[PDB]
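What follows is a single chain, given as structure tokens, in the form deposited in one PDB entry.
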């Protein structure tokens, strides 16, 4: 009903990264103090319905539609990064598992198979932009200091699921214990302390930064990441994550993809310096 709404993220200083990295290769360390000016973040990932409004307005054809394929996780079927990633002809945001799938029953789920360029196009059409990695991580942390997750350090506080990830033995069995085998609606699960939904889990989220693993401990202000690179940074993990193989549903976690990449577990949310017209 208000799936394009934004929340005000307060100005502050926070610790980005961690001096106890869990995936050292990803440049989770070192911890560094970062100052972030107040800004606005979408409460929800961009949903199928919201992305359809954009396509209806602009006629935009996504990169996956133009290339004719996109990566799909083998477990959702009726150069790949792992054996469970398949390039599927005709998989795209409207057909998230391939040409015989549909989004008609999942309008409120995050849009998938959107590349970094597709995400920038949507956000700019919406009067917004992608968040930087630092803005994203600050927002994810939800006003808590040096915690694993938006809500704290326990995966299931009070015996409750707080995010949509994998349960069971990946990749053969997803039990769906948390209520969702694939994505959940963009407004599922509790919000974090800033009012954001599914900031970890559900779908990965593009950020504006180029990827590097080499970070300084210097204190910075509104950092934008390195000036060049080959891959853009994505954050937050997805419905596929599990501690056993891909422990990336932590705010400090991070991964990357080339900007023309797309996949069945990768979406985005927008940010803005000020509210767009309303």
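Positions refer to the first chain, counted from 1.
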| item | value |
| --- | --- |
| Absent coordinates between residue 78 and residue 79 - deposited residues affected, binned into four classes | 10 or more |
| Stretch with the greater mean C-alpha B-factor as recorded in the entry, comparing 119 to 127 against 100 to 108 | 100 to 108 |
| Residue stretch of maximal mean CA temperature factor, 250 to 258 vs 18 to 26 | 18 to 26 |
| Candidate set 44, 245, 54, 211 [ranked by C-alpha B-factor, highest] | 245 |
| Per the PDB entry, maximal CA B factor within 141, 89, 161, 113 | 89 |
| Entry-reported Cα temperature factor of residue 168, expressed as the chain third it lands in | highest |
| Third assignment of residue 221 from its chain's C-alpha B-factors | highest |
| Position of residue 12 among the chain's modelled residues by C-alpha B-factor, lowest, middle or highest third | highest |
| Where the record places residue 238 (Cα B-factor, split into thirds across the chain) | lowest |
| Residue 174, C-alpha B-factor rank within chain (lowest, middle or highest third) | middle |
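Beyond the structure shown, there is the form deposited with a partner chain bound, which is absent from this document and is the topic of what follows.
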{"property": "Position in contact with the partner chain when the complex is considered in the bound PDB entry, options 125, 180, 194, 85, heavy atoms within 4.5 Å", "result": "85"}
{"property": "Contact residue in the bound PDB entry, from 81, 77, 172, 104 (heavy atom within 4.5 Å of the partner chain)", "result": "81"}
{"property": "Any non-hydrogen atom of residue 266 within 4.5 angstroms of the partner chain in the bound PDB entry", "result": "yes"}
{"property": "Any non-hydrogen atom of residue 93 within 4.5 angstroms of the partner chain in the bound PDB entry", "result": "no"}
{"property": "Partner proximity in the bound PDB entry: residue 71 to the partner chain, non-hydrogen atom cutoff 4.5 Å", "result": "yes"}
{"property": "Residue 251: touches the partner chain in the bound PDB entry, heavy atom cutoff 4.5 angstroms", "result": "no"}
{"property": "All of 134, 141 and 153 within 4.5 Å of the partner chain in the bound PDB entry, heavy atom check", "result": "no"}
{"property": "Which of 243 to 251, 31 to 39, 210 to 218, 48 to 56 sits within 4.5 Å of the partner chain in the bound PDB entry, heavy atom basis", "result": "243 to 251"}
